[PDB]
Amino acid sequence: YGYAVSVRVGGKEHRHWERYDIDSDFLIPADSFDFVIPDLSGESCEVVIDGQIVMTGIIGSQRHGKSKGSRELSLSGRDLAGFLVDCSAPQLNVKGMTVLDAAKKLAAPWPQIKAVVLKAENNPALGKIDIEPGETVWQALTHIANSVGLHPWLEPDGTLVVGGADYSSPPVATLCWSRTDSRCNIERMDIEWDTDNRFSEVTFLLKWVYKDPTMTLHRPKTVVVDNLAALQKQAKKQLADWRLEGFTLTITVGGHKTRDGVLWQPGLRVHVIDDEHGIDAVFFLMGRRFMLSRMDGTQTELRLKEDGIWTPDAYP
């Protein structure tokens, strides 16, 4: 009669929690989990919710706390990017390599990562990417992927992807706000606009200048990014990433599933109607947090962005 939130460690399954936070995000390298109810730290584990895999990772830390009136056991960790986030990238010449092959090679030391897949149309050969001493595997992978307009992330089953958004798939839920209409699902809504990365002119350095026509204020910027085609490619992606930073729509809904049974997952598009704020648009889900609390029960925070902006090269 509730959500089956079924965690698996060492072939033991756990299904009953006082609270949790399970957070996935395209831009934050390693997705993470935290659960509150034997030393499980360092163990592999999986997170499923009503028959669908949600995260594959490793328990990083465990805490057992007690006082006279209470006793609690907590577990937290990250997905399998945790390895690539922590560990040093090798000296790798990826020039001429396929972005998928370079990603495969970077991930190779961790068999725990069992597939590496491309979520884009094509699989382009890479230029010379320098990897600096000290750089992590994730940093290296991000630079590589970003060089051809793509980005890395772990999927729920532990597959590493290098890819971008498919804006072709039709929105998979509609969410509305209403202080009247009880069909409406949205419990909380937070809208943020930020100007700190809007620039009036940006000079990228092989030189291309971008100028923002409606910007009346002076806010010049200069950026150090082989070919000029490789410049505007990478520069336009920087512009797109800054545009995305400038707006966030955070919606909290009850439960963990859409009104048709799909677990919220980054990558979905979501139609939002707020007749009161005058919103009727499609947004792109970039981050998603499954939450259970004593006070609010089960909810999902949905961190929604402007549609069509992120990784527009992946699938034009």
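Numbering starts at 1 and runs along the sequence shown.
The stretch of deposited sequence separating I37 from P38 contains 4 to 9 residues lacking coordinates in this entry.
The stretch of deposited sequence separating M215 from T216 contains no residues lacking coordinates in this entry.
Two stretches are in play, 70-78 and 230-238, and the higher mean C-alpha B-factor belongs to 230-238. Look at the mean CA B-factor for 108-116 and for 168-176 in the entry; the higher one is 168-176. Comparing the C-alpha B-factors of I144, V224, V85, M97 in the entry, the top value falls on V224. You'll see in the entry that, of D101, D157, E201, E245, the Cα B factor peaks at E201. In this PDB entry, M295 carries a Cα temperature factor that places it within the highest third of its chain's modelled residues. In the deposited entry, the Cα temperature factor of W193 places it in the middle third of its chain's modelled residues. The PDB entry assigns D280 a C-alpha temperature factor belonging to the middle third of its chain's modelled residues. For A140, the recorded CA B-factor ranks within the lowest third of the chain. Only modelled residues enter the ranking. Per-chain ranking of the deposited C-alpha B factor places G127 in the middle third.
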